[PDB]
Each structure stands twice: as structure tokens, then as C-alpha cells.
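So this one's two forms of a single chain, laid out as C-alpha cells and tagged structure 1 and structure 2.
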Structure 1
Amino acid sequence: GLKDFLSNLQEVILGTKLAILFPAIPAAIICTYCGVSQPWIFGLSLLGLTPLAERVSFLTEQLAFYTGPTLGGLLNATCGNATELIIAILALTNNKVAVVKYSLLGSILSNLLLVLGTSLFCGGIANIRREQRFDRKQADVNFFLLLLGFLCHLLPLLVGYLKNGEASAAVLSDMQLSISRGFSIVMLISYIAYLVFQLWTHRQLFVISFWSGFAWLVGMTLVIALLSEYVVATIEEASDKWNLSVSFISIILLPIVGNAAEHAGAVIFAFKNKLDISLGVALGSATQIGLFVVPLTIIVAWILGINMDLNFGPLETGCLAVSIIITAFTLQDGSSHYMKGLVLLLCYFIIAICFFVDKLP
């Protein structure tokens, strides 16, 4: 009968290293259709979104054939972050700012100390006898923006420590709101400029048919629209039953799903002594989580009318501040060995320990 369906379905779905995580998807419908208790939904909906935040980033580079590298360049970093955009809007509209303030932070740390620190250790052992070099000038424009990102986080934090100023809490707490809803346009203009610089000004250095190819970016985002409602709506009741803090599930365990394609798609290229691509994945994804996914959520709240600023807290800011400074001194010469990467791993386990202990409301 239909001959376009027999082996093409073998070409799209099953051609991946995570074949066994698939049939835990319909049970998360079936347990929710039945009513099995809420931590058992949460255990499956972080296993039902690993081969869907990977079989979407597979289906970006098989959509550069019909559209060209101009559109196909932009959809690289767009659909590799097609989980944080789903969750950090389903959580904003459900009064749970906590998760919108950690999951958009936990993808900035995981794209800087675990996507990146593993792809220097786990490549530097393979190419220890060869010599490794990368392109500096591709990864200097990214740290300019991450310091435009950080200063927008620093100033609403320090307004909260102006208790001397003869102002109450409800006077200063709407001074953190008005200047965060105004930094968000200045963050968007320094990303729409960053596309023009990359896709038009400096383009010097910086299988499956298409009628079916659009089809598995229709359905396999809709299941991510379903298995993000189940994560967000039941994260309280599945943190009591494990005695993990919600500032550990939202900042560590949940940014393993959202960077499950940016991780095994970067340890591909670390073994080939091509660190230019495992710096275009690790850094070029953290910028959009810095400067497009964050200052769209501040606008989306303010269009809806929900109190949300850029205040992440005093403890979260020091971790984001050191991660940008340690990453800059690691990359400032263009030659890599493995000890540059083991230091980035152990500086991520420090962030895990401080947020594992912190059992505090």
C-alpha cells in the first residue's frame, strides 16, 4: 500500500541511540488517563522527553536540505531549546515562578560547565597525543552578550538591599519590576543584532523527503506540549515524596532533558578534534537562553499582567557570575587539553552540592 511509510518510519523514529526510552511515553498518558499517583507521572515525563528533545534536533539538520543554511542555521539553536520554551511558559501561567526562574538558569549553567566541560575532558583523553585548537573569534561575541545578560540580573538584585532608603518593601519591589520590564527590550535588541551579524554580515567564518520532514516536527512538538504540562503541574507533590528540594529539581534534574541533544551532539564532535563545533553548540545555545528565552518571558508576563522581574536571588547570581569568568580564562588561547575540562566539571558539582542541601522554603 503506502510505500512512503514503511522504512521512512524506520528512518525517522528508530534511528537513535535511545530506543528504549520511547515506550515510557504512552504510559504517562495512560497513568494520567487512569490516575496513578503523581510522582509516577513525574518519573515518566522526564523519561518521555529525552528521545523527543533529541529526535527534534535530529530533524533540524535534515531540514537544511530544502531551505538552505540561512533558515537551517537558525533552527539549530531554536529547536534544541524546544523544551525550555515549552516549560517556562506552562509554568509562568500556573503561578509557579520558581521553575521559570530556575529552569531558564539551569540551562545557562549546564551549557557552560557540563556540556562544555565534558567535551574537553572526554575529547582531550582521546586526542592526548594529537594537538587541539579552535577558533577564538567565533567565541568572543558570545561572551560580550553574556555580560550584557548578567548586568541585567545584577541591578534588580541590589535594589532589594536598599532597606536604608526610607522605602518600604512594596515601593522597592515595583522598582525591581519597572526596570526589569525595560531591560528586556534592550536584551532583545542585542540578540536581533546578533543574528544579523552572524547570518548576513560575517559569513566568512562564523535522505528524508521534506513533505514528510515537516510532519515529524508537527507531532513531536505536540507530545512535548503534553509532557510539559505533566512536569509542571505536578512538581510539588513529587518533591515531597523524594525529599529533594524544588530548587534542585528545577535547576539540575530538569536541565538534563533540555540539553540532551546539545550534549551527545557535542561529544560527537569533540572526538574528531573539531572543537569549533562543540563551542558553537555549548556557547551558541547558552546565549539564546541568556538573551532570548529569558527576555521574552519578562515581556510575556507583562503582556499578560503577571508580576515577574529578573530577580533570581543572591545565591543563584554568584554561580552565574563565576561561570562566565571561569569560562573566559579557559578559552583565551585556543589550545585545549583535558585539565581545562575536569576543572569545569568539578565546578559544576559545587553547584550541585549547594543546591542539594538547601532544604529551605
Structure 2
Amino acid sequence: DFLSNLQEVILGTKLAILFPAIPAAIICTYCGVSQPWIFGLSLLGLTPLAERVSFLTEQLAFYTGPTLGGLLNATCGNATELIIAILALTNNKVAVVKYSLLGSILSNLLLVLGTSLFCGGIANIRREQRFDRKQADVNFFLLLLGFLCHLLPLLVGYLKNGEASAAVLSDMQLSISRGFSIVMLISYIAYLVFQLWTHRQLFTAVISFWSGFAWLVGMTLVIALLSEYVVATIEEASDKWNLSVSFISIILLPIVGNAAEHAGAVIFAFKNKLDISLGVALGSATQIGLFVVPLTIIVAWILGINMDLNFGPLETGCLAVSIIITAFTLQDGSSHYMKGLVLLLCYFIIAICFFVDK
């Protein structure tokens, strides 16, 4: 395309002061800079690269067809939650995998969704704001299937009364979590048939094709380079800031991940198209909940690393109410600003409980 949209669209992001963070993460590695600065200049280097992957992926959709063009249009908003989950599972920091994959479900149900209803409720306060229910009820049937897979290994850990030690109940949680994962991958392959082929009918570009595959390695081998620096240097970056590792992982780190889905769900909220702001905010809390999370169990199954679906007692109660307050909000096909301020303030309640949790 003769180097024209290769310089303008790269400088055509609504956030573009974050591009000099990328040279100040490799150079600061080979100079002996202390580890909080490498952590500060790696989150600010993945924030436009989480968008430039999740925008240029749509540019390859117009060169494939109707089948794959319904798949890659709705599967690569989560190409940063996947790389950080695998470059922390192989580094044996298994707890950070359980928080960043939980904070990407809560941010897509409370902060992303409850800003499309608030900011796109005040601008359109003198119009009627309608979406459809049948298009986004399937996204809540699957999250209640995911919650049952997280509830049951939690309650097995509190069965120490029943004449069993810890070595029995730990290989009982680990056996049923490695069997719930195959059941969770089947209710997402079936979802990717209902959404694409069977019920499609009830449901131009600017860039050349050869550009779209060159950059989507040049914007992926830089996410995989910086996702090591976030994982391998999160401990000293949690002792010089006086923050907990169960707050950086669950609150600050999903903001870098879900920043592509958080300017697409808001711009289509000012345009009064809330069918689209519910496809981005809900259809990406299902890909995390039922394809990205049970795939980590299967990769741990192969590598010999122990990992089960036990998040914890305080993390599961936040997951249970996030699905119930979202379901009762979206059950009549009409919205206003007070539906979205209740979802924001339920996210400032979770964000206090982990700021104190030391």
C-alpha cells in the first residue's frame, strides 16, 4: 500500500502517547533499571498493542469469507489475556493466572458494561434506548454453566470433616476440574455453531491484505516480549508500591487487557446502538469464561502442572453476584443512566475489598 496507511493508521490511534513506552522497556532491560520501572513501562506499552491487534484483526475478516469472518471478528479481543496466562503458567506462578482471568470477567460485566449504559445514557437521555434480549440470553446461560464449575471445587475443600485428609481432597479437586474443562469446551464449540451457522439470520475496508499479516506478527511478538516482563517482575513491583499481588493482577492488569473492548463499547453507546455494546461486553466475558479459562487447565494437564478451578471463597462470591445483578438489569430491553451507575458502584466495591486484602 506504499507506506501510507503504514504511517497514518499507526499514528491514527486515539491513544498514541503510549508508543514511546515500548523502546523504554527493552533498553531499560539491558541497563540495569530497577524492576518497578520495567513494570511501569510495560503496561503502558501493551495498551495500544492490545488495540492494534483487536482492530487489524477485523481488516483480515474482509479477505476470508462469511464463515471465518464471523469467527476472527469475535475471537481476538482476548489475545492479551491468553499470552499472559500462558507466560505465567509455564513460569509456575499459578496464582496470577487465576486472578487475571477473573478480573477480565468482572471488568467486562461491570466496568465495560456499566460505562456503555452511563455515558451512553446521559447523551441520549431524551430518546428511548432499546436492545434485544434473545441475542444476549445465551451469554448468561453459559456463564451459569461456568459458575457451577467454579462452585463445586470450592465446596470440596471444606469437606475436611468427612474422614479425609488434605492429600485426598486435593487430588479430588484436581480430578473433577480436569473433567469439567472438556464439558466447558463443548458448550463453546456449540455456541460457535449457533452464533455462526444455524441462527445467523436471527442475529468496505481501508487496508490491503498483505499488510494485515505482516503487522499481526509485528504486533504479536511484541506482546509476547512484554508479557514476560509483566509476569517475571510483578513481585518487586508489588513491594515498592505497597500494593497486593491480588490487586495488581485483578484490577490494574485487566485494564491494559480490556482497553480495546472499552472504546468500542462506548462509541457505540453514544450512537444509540446497544445491540453492539452488548456483543462486545458480554461476548468477551464468555470467551474468557468458557474458552480461555478451561484451556489453561488442559495445557496444565499436558505439562504436568497442578491447576484446578478453585479460585477462592472471596473471589467466587464476587463472581456470583456479578452474574445476578447483570441478568436482572438486562431483562426488559430498555436502558437509562441509573442502570449503569449501579454497575459502576458494584465495581468500586470489589476494588476496595482487594485494596485492603493484604
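Basically, rigid core = biggest C-alpha set you can superpose within 1.5 Å across the two forms. Residue numbering: sequential along structure 1, first residue numbered 1.
- Among the residues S37, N307, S335, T70, the single one whose Cα moves by at least 2 Å between the two structures, once the core is superposed, is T70.
- Overlaying the rigid core between the two structures leaves the Cα of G213 displaced by 1.3 angstrom.
- Taking the core as the reference frame, the CA atom of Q10 shifts 2.0 angstrom between the two structures.
- CA movement of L146 between the two structures equals 0.1 Å, with the two forms superposed on the rigid core.
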